[PDB]
């Protein structure tokens, strides 16, 4: 019900980043790519954005300054092209939590090199979005901002000038903790991330929101009937104040009455405040979820029949 009131409505595709113990890992054992048929169904239903998750170390092995692995990049491009050739947006998401081979990415120059490399492969695709990194955590707030800034600079330096760059905060880029959670340097996302600059002026602030008590997305129990919209409120104020726009890049509820009402209430809030929220992206689709309580993968997603119409 809630899509044509949003610039971007769609689903995460999760699976190509799985099994991160094993890098490079092996297709079919540790990770997989996406089901173009299922993505095609979502597109023909009216969804227009897919957040394609991947692992940095598989796309660019050894060092962040190295060349790409052509087979992994090949499959990324195949899934991206299926989506963008049909007019939907493909967001490229390194699902790495600010960490490269386990270690916090401390070098902004390594990060800019990585992003200049990945962006060069897609610089002429106007339907591609770049997502600097999924859910920075346990780091200094200033380094996370500086890493995000290094990514924008890398992306534009490669000549990828038409694409929106999704910048993510520290502390799992949670919306509800945007003004409160502090990094190891004592600074919040509100305190560090407003400074980000882009010569092409296409920065989308990329936040996540879950509805259980600790916001982990771990429990099928949603706090209460309005916990979704209420947790967006502080971040919405912040966005209007500093004249920024955002997208809710991850969200989900379980299949129960309270989670359902809380999810639609949140998506209603986003429509009410579409001056700063450009849309929302469900977590998650992808073929290797089985009975995962948030899986909206059409053929076996337990959340699909319930929340696919809500998104739509």
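Positions refer to the first chain, counted from 1.
Comparing 189-197 with 140-148, the higher mean C-alpha B-factor in the PDB entry belongs to 189-197. Stretches compared: 105-113, 213-221. Higher mean C-alpha B-factor in the entry: 213-221.
Across 29, 256, 65, 37, the greatest Cα temperature factor reported in the deposited entry is at 256. Within the listed group 130, 176, 100, 72, the record reports its top CA B-factor for 176. In the deposited entry, the Cα temperature factor of residue 182 places it in the highest third of its chain's modelled residues. Among the modelled residues of the chain, residue 273 sits in the highest third by CA temperature factor in this PDB entry. Sort the modelled residues of the chain by CA B factor and residue 240 lands in the highest third. For residue 119, the recorded CA B-factor ranks within the lowest third of the chain. Only modelled residues enter the ranking. For residue 288, the recorded CA temperature factor ranks within the lowest third of the chain's modelled residues.
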